[PDB]
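One chain comes next, on its own, written as structure tokens: the form solved without its partner chain.
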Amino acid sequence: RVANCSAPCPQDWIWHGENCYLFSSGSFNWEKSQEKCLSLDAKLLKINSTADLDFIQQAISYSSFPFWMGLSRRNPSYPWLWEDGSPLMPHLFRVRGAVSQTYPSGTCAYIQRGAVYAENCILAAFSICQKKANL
């Protein structure tokens, strides 16, 4: 039961800093991508520092695909919030794009080619999960 050595991260994940990262298998709407990470006892990507940003941009340099992050905005009236209920801080980046009240279930942000964008949560895209590294 108590770990013989215990790896920082599970197999197929990527270890960097105090975190483990897992790249989605395919395209799913935001709500589902969220369910996928929660089921693994993790969460959607939350960039909380420059090092995280550097790592992700590099780990996603090989792709042109959109990767959902755990950031959403119910509608224009509301603010951009991460999954843990905390606000979006300025310094890191800006989410360009539309926040439409016609969108069925709010607006969600994704990362693609280094820049962050806004989109109808209902659409499908790849995602990135994250958990603290086992140390």
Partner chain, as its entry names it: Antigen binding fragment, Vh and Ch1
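Superpose the two forms; the largest set of C-alphas matching within 1.5 Å is the rigid core. Numbering follows the first chain given and starts at 1.
Separately, the form solved in complex with its partner chain exists; it is not shown, and the next lines address it.
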{"query": "One residue of 101, 49, 39, 86 in contact with its partner chain, assessed in the bound PDB entry (non-hydrogen atom, 4.5 angstroms)", "finding": "101"}
{"query": "Partner proximity in the bound PDB entry: residue 125 to its partner chain, non-hydrogen atom cutoff 4.5 Å", "finding": "yes"}
{"query": "Partner proximity in the bound PDB entry: residue 70 to its partner chain, non-hydrogen atom cutoff 4.5 Å", "finding": "no"}
{"query": "Contact label in the bound PDB entry: residue 91 to its partner chain, heavy atom within 4.5 Å", "finding": "no"}
{"query": "Residue 78: touches its partner chain in the bound PDB entry, heavy atom cutoff 4.5 angstroms", "finding": "no"}
{"query": "Sequence-ordered residues of 29 to 67 touching its partner chain in the bound PDB entry, heavy atom within 4.5 Å", "finding": "64, 65, 66"}
{"query": "Flagged residue of 71, 56, 37, 99 - C-alpha shift reaching 2 Å or more between this form and the one not shown, core superposed", "finding": "99"}
{"query": "Note on residue 116-residue 101 C-alpha separation in the bound PDB entry, which departs from the shown form by 3 angstroms or more", "finding": "closer"}
{"query": "Residue pair residue 35, residue 100 - Cα distance in the bound PDB entry, closer or farther (3 Å or more)", "finding": "farther"}
